[PDB]
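Below: the structure, in structure tokens.
Computed over heavy atoms, backbone and side chain alike; hydrogens, waters and symmetry mates excluded. So that the names make sense, note that chain A is the first sequence line, chain B the second, and so on, each numbered from 1.
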Amino acid sequence: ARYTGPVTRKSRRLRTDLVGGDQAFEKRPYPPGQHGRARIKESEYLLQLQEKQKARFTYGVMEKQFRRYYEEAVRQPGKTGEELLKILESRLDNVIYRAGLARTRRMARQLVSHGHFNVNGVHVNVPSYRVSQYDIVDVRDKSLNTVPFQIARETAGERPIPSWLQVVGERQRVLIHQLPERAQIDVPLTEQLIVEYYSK
Amino acid sequence: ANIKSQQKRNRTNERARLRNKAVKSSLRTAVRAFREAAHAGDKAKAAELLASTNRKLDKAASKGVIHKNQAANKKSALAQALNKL
Amino acid sequence: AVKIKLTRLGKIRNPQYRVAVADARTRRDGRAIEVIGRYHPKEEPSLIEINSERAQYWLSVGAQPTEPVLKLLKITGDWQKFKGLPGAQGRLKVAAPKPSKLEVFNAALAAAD
RNA sequence: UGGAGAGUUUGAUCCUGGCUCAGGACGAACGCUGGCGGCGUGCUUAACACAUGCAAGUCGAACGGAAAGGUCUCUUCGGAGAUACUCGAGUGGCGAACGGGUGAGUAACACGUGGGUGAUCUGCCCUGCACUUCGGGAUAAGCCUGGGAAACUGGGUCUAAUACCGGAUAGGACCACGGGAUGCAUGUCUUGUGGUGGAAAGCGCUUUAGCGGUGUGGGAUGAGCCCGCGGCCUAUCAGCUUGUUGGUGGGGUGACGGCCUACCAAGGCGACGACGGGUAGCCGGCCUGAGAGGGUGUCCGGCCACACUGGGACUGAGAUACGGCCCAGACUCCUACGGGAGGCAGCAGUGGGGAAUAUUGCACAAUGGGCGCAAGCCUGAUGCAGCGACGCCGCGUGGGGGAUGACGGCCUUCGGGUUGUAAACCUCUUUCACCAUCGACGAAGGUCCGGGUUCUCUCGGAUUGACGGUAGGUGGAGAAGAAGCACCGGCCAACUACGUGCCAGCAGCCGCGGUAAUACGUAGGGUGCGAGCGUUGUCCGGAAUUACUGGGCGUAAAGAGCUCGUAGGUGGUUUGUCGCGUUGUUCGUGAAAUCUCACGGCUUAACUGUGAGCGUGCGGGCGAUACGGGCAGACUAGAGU
Ligand SMILES: [Mg+2]
Ligand SMILES: [Mg+2]
Ligand SMILES: [Mg+2]
Ligand SMILES: [Mg+2]
Ligand SMILES: [Mg+2]
Ligand SMILES: [Mg+2]
Ligand SMILES: [Mg+2]
Ligand SMILES: [Mg+2]
Ligand SMILES: [Mg+2]
Ligand SMILES: [Mg+2]
Ligand SMILES: [Mg+2]
Ligand SMILES: [Mg+2]
Ligand SMILES: [Mg+2]
Ligand SMILES: [Mg+2]
Ligand SMILES: [Mg+2]
Ligand SMILES: [Mg+2]
Ligand SMILES: [Mg+2]
Ligand SMILES: [Mg+2]
Ligand SMILES: [Mg+2]
Ligand SMILES: [Mg+2]
Ligand SMILES: [Mg+2]
Ligand SMILES: [Mg+2]
Ligand SMILES: [Mg+2]
Ligand SMILES: [Mg+2]
Ligand SMILES: [Mg+2]
Ligand SMILES: [Mg+2]
Ligand SMILES: [Mg+2]
Ligand SMILES: [Mg+2]
Ligand SMILES: [Mg+2]
Ligand SMILES: [Mg+2]
Ligand SMILES: [Mg+2]
Ligand SMILES: [Mg+2]
Ligand SMILES: [Mg+2]
Ligand SMILES: [Mg+2]
Ligand SMILES: [Mg+2]
Ligand SMILES: [Mg+2]
Ligand SMILES: [Mg+2]
Ligand SMILES: [Mg+2]
Ligand SMILES: [Mg+2]
Ligand SMILES: [Mg+2]
Ligand SMILES: [Mg+2]
Ligand SMILES: [Mg+2]
Ligand SMILES: [Mg+2]
Ligand SMILES: [Mg+2]
Ligand SMILES: [Mg+2]
Ligand SMILES: [Mg+2]
Ligand SMILES: [Mg+2]
Ligand SMILES: [Mg+2]
Ligand SMILES: [Mg+2]
Ligand SMILES: [Mg+2]
């Protein structure tokens with residue numbers, strides 16, 4: 001299942017703008033509802049729950065799928081908040097966002113889900129594909145001369161492309177150099193509170 | 001019975017029982033006759049009914065009626081009754 | 001007596017197999033006496049490995065192979081070097097060596113520059 | 001590489017200490033709701049009673065034969081001709097002791113683990129050496145007849161064999177006396193002489209078809225028996241045992257053995273729990289946990305036990321003999337009343353019990369098994385499908401813009417706030433379903449017929465797939481067919497209005513409701529999840545509330561009224577030694593699966609393959625001697641005189 005609801009409503013509760021730029025946010029940066037402007041009680045469980053909610057609705061990942069990401073983030077060496085954002089970033093719909101082939105996160109999910117992309121010449125239609133090192137992310141030969149794909153051509157300059165992937169020319173195909181460590185990950189969220197949420 | 005081969009085998013398990021029982025009873029009435037001559041202290045028939053009792057045991061062991069380690073255990077016991085008389 | 005047989009231990013639509021030495025009075029996935037190989041009949045040629053110094057031990061001592069394992073020991077050549085046939089070299093063939101994952105990535109960087 | 005706390009004793013406090021909750025899991029059930037696919041899984045209670053079909057056969061290359069089919073016939077026109085490929089019934093060989101099910105019994109060498117067998121067995125398979133030799137008498141079937149209601153059965157004639165029985169020759173059978181090797185006491189293996197003995201079988205042939213038979217040395221596999229250590233509650237069970245503990249002479253067995261028997265000795269076990277009572281199949285594993293521990297034994301895999309209840313042998317290499325035999329018992333059924341028949345804890349299925357668990361499905365294509373030289377036949381093992389959100393995993397129910405921030409609902413301090421970029425509207429894209437169409441991999445094989453030096457082998461073809469016209473590819477059409485459930489006083493994320501007035505009712509705790517209820521009922525709003533969400537049952541955690549890791553006992557629960565002493569636990573200084581504990585290292589073992597790591601394959605993931613760790617242990621060889629302990633001494637500080 002997907003959320004399929006209002007997107008500003010879960011950017012107002014978390015007090016943090018989740019999608020890239022929003023005018024409905026910053027007119028009302030307080031949580032929604034009829035009791036929207038009230039003084040909230042700053043608990044410790046609230047700081048740990050809402051920080052996990054920043055990570056789910058930024059990426060569009062349900063709870064029984066986000067929990068399995070934690071079950072292998074704590075089990076790999078290194079840290080836990082590092083490798084949690086590493087395996088969340090390598091989802092293929094998040095690759096289409098960072099490569100500048102989509103406007104928001106919810107259309108980068110459809111363009112993978114409706115089957116507009118290959119990887120190694122293999123037709124994928126799952127958003128939760130985890131790209132490894134040296135993967136090419138190619139677009140289908142049929143899906144050129146298409147309206148949402150030609151709008152991603154001239155608009156390849158307004159958002160920064162991270163250093164862990166590379167976009168090339170007239171073939172809009174994405175080359176994955178390595179899995180990103182920390183620095184080229186965009187930060188609306190702190191990472192140690194998601195690790196402390198599941199410790200309860 | 002119910003299976004076609006099982007009626008076949010019931011008829012052959014009884015042919016084999018009547019065959020083997022006649023051979024085992026011939027061994028018991030030939031070891032016993034040695035025990036008469038050995039208990040009387042004869043040494044005349046006991047030296048030559050041993051040679052016909054052990055020969056009946058080896059023929060019963062080649063016909064599958066008794067096992068070969070059973071024939072060896074009965075020939076060793078009758079021969080050690082001869083050497084002590 | 002002693003057989004050399006296969007053991008189905010894959011998924012539902014992926015019948016993996018192992019070449020295993022077992023008694024005839026045993027179910028398929030029972031205790032093998034010794035596992036000596038494997039057979040994956042889903043790749044484009046096949047994926048066949050026989051240990052070839054343990055398959056010579058069990059054939060010399062009396063293990064009767066079953067009829068689909070007999071076709072495998074003729075292919076790898078372990079049957080011909082036991083009965084003394086002139087097909088003693090292995091006539092098995094491996095899959096086509098694909099260009100590796102690093103090679104395609106360097107081919108794509110040079111394709112743009 | 002891995003440990004979280006909160007509420008509640010009081011007017012208030014600090015300790016002690018119970019109770020309760022948040023977490024995870026499930027063979028599940030119930031409630032509301034419900035789109036799909038992948039993959040697992042599904043009588044936990046009555047080892048309760050079972051209708052119907054199926055679940056074990058096969059060989060004419062063992063034998064007599066000719067009931068069925070195809071041929072050669074004579075020829076009635078619907079009967080004759082075994083001579084003849086093929087074959088019902090029958091004899092004979094092998095199989096039927098495997099596979100499949102269930103957890104009633106068992107507290108035991110049943111199981112796990114490591115050994116012993118100088119105390120043993122082992123069909124078929126592989127290999128070394130000899131051999132495959134003379135005869136004989138019958139019988140099933142067939143045919144003719146007697147008894148019986150049936151199930152079935154008596155008699156007379158008649159015919160074979162790889163059926164059966166009797167001889168000749170053949171050491172691993174026996175007895176006596178010797179050598180040569182080894183040790184772990186009985187002994188064991190190898191050889192020599194004398195005296196005694198044991199076997200069998202042929203059939204087929206396009207004319208280098210071919211399959212078998214028997215005695216033995218040696219392997220391989222399977223199995224039996226014995227022993228060390230390991231895993232439940234109970235002392236409100238304290239005396240159990242007479243073939244019981246041991247010896248000798250016999251008997252028995254595949255084999256050691258009171259396993260059995262006759263005499264002789266008077267032992268054997270027990271406070272380290274004998275004898276008894278309660279319960280339970282055991283393990284790899286599974287769930288929880290920071291680990292140590294605690295609960296459990298369900299799928300899968302190993303082993304054990306049982307097949308309507310209780311006993312018993314037979315056949316065979318091998319028997320708890322599930323779909324065998326005999327007897328007794330209970331219960332169904334036939335009968336002419338004399339007598340007979342049956343055992344789903346095989347796969348589906350019905351009744352019943354119950355909170356609750358499915359189809360009287362397809363296929364022998366793949367893999368395993370039985371027989372056969374082989375083609376083949378058999379296989380409810382198995383491969384699959386049907387059904388149930390029962391569980392895990394994955395994806396959808398739209399996406400990008402969009403303020404005059406509309407209508408409606410709700411709240412208001414009557415200015416507005418909120419649902420809310422959410423709708424309306426413009427616009428883009430078809431994953432899944434939906435329609436049309438193409439169409440698999442599982443099959444370097446199974447068969448036939450061409451080329452092959454025989455074995456083998458391909459140029460290369462005819463054909464052979466239950467799942468299946470499925471998965472998957474392609475084409476079409478349009479936002480089109482697709483969201484619910486609990487909770488919102490604290491724990492614990494999320495609050496207002498109205499109805500209600502100790503009533504109706506809520507609740508896990510302590511508490512809420514007696515006319516302004518953030519706790520009851522409804523609406524709006526919100527939060528957590530999402531094809532699910534909640535309740536109940538059950539176990540682990542939190543519980544350092546059984547504490548070894550890891551607690552206590554002056555007054556909170558807790559020092560026996562006090563001493564003496566048995567078993568047990570514990571031990572000062574020092575020299576030497578053995579190397580049991582301890583410790584180092586190495587080989588054997590610790591099955592596979594599951595589990596952690598790393599790559600690889602299903603579009604991802606679950607799932608699956610491979611490699612390495614893990615397997616805390618246990619056995620064998622070789623090192624170390626500080627400490628503990630055993631052995632042989634010394635010393636005076638503790639203790640006694
Ligand atoms: Mg899900
Ligand atoms: Mg037969
Ligand atoms: Mg008599
Ligand atoms: Mg004896
Ligand atoms: Mg008080
Ligand atoms: Mg109070
Ligand atoms: Mg319903
Ligand atoms: Mg049951
Ligand atoms: Mg016949
Ligand atoms: Mg035969
Ligand atoms: Mg059985
Ligand atoms: Mg005759
Ligand atoms: Mg002779
Ligand atoms: Mg003879
Ligand atoms: Mg007595
Ligand atoms: Mg004796
Ligand atoms: Mg005795
Ligand atoms: Mg029981
Ligand atoms: Mg703990
Ligand atoms: Mg079981
Ligand atoms: Mg069961
Ligand atoms: Mg029953
Ligand atoms: Mg016998
Ligand atoms: Mg049977
Ligand atoms: Mg039955
Ligand atoms: Mg049944
Ligand atoms: Mg009922
Ligand atoms: Mg088959
Ligand atoms: Mg087969
Ligand atoms: Mg389902
Ligand atoms: Mg339900
Ligand atoms: Mg399509
Ligand atoms: Mg709160
Ligand atoms: Mg009120
Ligand atoms: Mg309420
Ligand atoms: Mg509960
Ligand atoms: Mg504890
Ligand atoms: Mg508890
Ligand atoms: Mg205490
Ligand atoms: Mg004290
Ligand atoms: Mg007091
Ligand atoms: Mg007190
Ligand atoms: Mg006192
Ligand atoms: Mg006392
Ligand atoms: Mg002591
Ligand atoms: Mg000391
Ligand atoms: Mg293992
Ligand atoms: Mg992968
Ligand atoms: Mg695995
Ligand atoms: Mg050792």
Side-chain angles (χ1 to χ4, degrees), chain A residues 1-2 4-9 13 24 32-36 43 45-46 49-50 62-63 65 74-75 77 103-104 106-107 110-111 113-116 119 122-130 146-148 199-200, chain B residues 1-6 9-10 12-14 16-17 19-20 50-51 54-55 58-59 61-62 67-73 75-77 79-80 82-83, chain C residues 1-2 5-17 23-33 35 38 40-42 45-46 48 58 60-64 66 68 71 74-75 80 83 85-87 92-93:
Chain A
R2 292 178 63 244
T4 69
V7 69
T8 310
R9 181 176 174 180
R13 172 67 72 188
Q34 194 265 327
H35 295 91
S43 176
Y45 179 75
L46 183 62
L49 180 63
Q50 287 180 354
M62 290 297 171
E63 181 69 27
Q65 189 173 3
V74 73
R75 201 178 68 188
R103 179 74 270 173
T104 62
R106 290 188 180 180
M107 72 174 292
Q110 278 198 358
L111 295 175
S113 178
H114 290 286
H116 297 287
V119 280
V122 178
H123 178 68
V124 295
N125 56 5
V126 286
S128 65
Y129 187 85
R130 287 182 288 175
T146 312
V147 178
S199 295
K200 188 263 293 180
Chain B
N2 294 317
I3 306 300
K4 182 68 173 63
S5 294
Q6 190 61 253
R9 183 74 67 180
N10 290 326
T12 64
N13 292 322
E14 291 292 326
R17 187 182 65 84
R19 183 181 299 117
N20 295 320
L50 183 69
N54 296 329
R55 190 255 194 184
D58 288 330
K59 290 178 73 68
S62 67
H67 197 269
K68 291 184 180 180
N69 291 317
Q70 182 177 0
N73 279 316
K75 294 189 290 184
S76 176
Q80 287 184 355
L82 185 68
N83 288 319
Chain C
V2 178
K5 62 177 74 174
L6 296 173
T7 300
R8 168 72 169 269
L9 47 87
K11 287 174 71 175
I12 178 168
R13 273 75 176 266
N14 294 113
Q16 312 291 322
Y17 290 97
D23 195 0
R25 301 291 181 87
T26 302
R27 55 184 293 168
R28 280 199 283 103
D29 49 356
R31 290 180 68 92
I33 302 164
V35 173
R38 57 177 177 170
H40 297 176
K42 294 296 292 293
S46 292
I48 297 172
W58 289 102
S60 68
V61 82
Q64 293 299 110
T66 65
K71 297 283 103 174
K74 294 178 193 291
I75 286 171
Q80 287 88 16
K83 293 277 99 175
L85 270 295
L92 81 162
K93 61 185 176 67

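Searching all strands for a Watson-Crick or G-U wobble partner of D/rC30 with both distances below 3.5 Å returns D/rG534. Nucleotide D/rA80: paired with D/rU73 (Watson-Crick or G-U wobble, both distances less than 3.5 Å). Look at D/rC362: its Watson-Crick or wobble partner, with both distances under 3.5 angstrom, is D/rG383. D/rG611 and D/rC597 make up a base pair, with Watson-Crick or G-U wobble contacts both under 3.5 Å. The partner of D/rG215 is D/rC129, by the rule that a Watson-Crick or G-U pair needs both atom distances under 3.5 Å. With both pairing distances under 3.5 Å, D/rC263 is matched to D/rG247 as a Watson-Crick or G-U wobble pair. Across the strands present, D/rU474 finds its partner in D/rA436; the criterion is a Watson-Crick or G-U wobble pair with both atom distances under 3.5 angstrom. Pair assignment for D/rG484 gives D/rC529, based on Watson-Crick or G-U wobble hydrogen-bonding distances that are each under 3.5 Å.
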- Once base and sugar-phosphate atoms are separated, protein heavy atoms under 4.0 Å mark nucleotides 210-226 of chain D, 5' to 3', with B, S and - as ------S--BSSS----

- Item | Annotated protein contacts, base or backbone, on nucleotides 473-494 of chain D with a non-hydrogen cut-off under 4.0 Å, one of B, S, - each | -SS-------B-------SSS-

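On the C1' atoms, D/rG60 is 14 Å away from D/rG88, given to the nearest whole Å. Comparing D/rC184 with D/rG192, their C1' atoms sit 29 Å apart, to the nearest whole Å. Comparing D/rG628 with D/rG576, their P atoms sit 15 Å apart, to the nearest whole Å. Across D/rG118 and D/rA181, the matching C1' atoms stand 16 Å from one another, rounded to whole Å. With both ends at atom P, the span from D/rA356 to D/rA97 equals 40 Å, rounded to whole Å. Rounded to whole Å, the P atom of D/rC287 lies 15 Å from the corresponding atom of D/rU298.
Sugar pucker annotation for D/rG420: south, assigned from a negative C1'-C2'-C3'-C4' dihedral. With respect to the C1'-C2'-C3'-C4' torsion, D/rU188 shows a north sugar, the value lying on the positive side. A negative value of the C1'-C2'-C3'-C4' dihedral assigns D/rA201 to the south, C2'-endo side.
The minimum heavy-atom distance linking A/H123 with A/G115 is given by the pair CE1-O, 3.2 Å. For the pair C/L6 and C/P68, the tightest heavy-atom approach, listed with the atom from each and the gap, is CD1-CG, 4.4 Å.
Applying the 4.0 Å criterion to OP1 and OP2 of D/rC457, one finds that C/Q80 has a side-chain N or O inside that range. Remark: C/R8 is in phosphate contact with D/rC384, judged by side-chain N or O atoms under 4.0 Å from OP1 or OP2. Here C/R27 reaches the OP1 or OP2 of D/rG100: one of its side-chain N or O atoms lies under 4.0 Å away.
In D/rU216 the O4'-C1'-N dihedral to the base is within 90° of 0, which defines a syn nucleotide. Against the 90° criterion about 0, the sugar-base torsion of D/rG338 places it in the syn range.
At a cut-off of 3.5 angstrom, counting only N and O atoms as typed in the model, there is no donor on one side facing an acceptor on the other between the side-chain of C/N14 and the base of D/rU608. Evaluation of atom-type donor-acceptor distances gives a pair under 3.5 Å for the side chain of B/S5 against the base of D/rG57. If you check distances only, the side chain of A/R130 never reaches the base of D/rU604 with a donor-acceptor pair under 3.5 Å.
At the heavy-atom level, C/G87 lies nowhere under 4.0 Å from the strands shown.
Base stacking between D/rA358 and D/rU359 is absent, since the six-membered rings fail either the under 5.5 Å centre distance or the under 30° plane angle. Under a stacking criterion requiring six-membered ring centres under 5.5 Å apart and planes under 30°, the adjacent bases D/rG372 and D/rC373 are classed as not stacked. Neighbours D/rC607 and D/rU608 stack on each other, since their six-membered rings have centres under 5.5 Å apart and planes tilted under 30°.
Looking only at distances, no side-chain donor or acceptor of C/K74 sits under 3.5 Å from a matching main-chain atom of C/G87.
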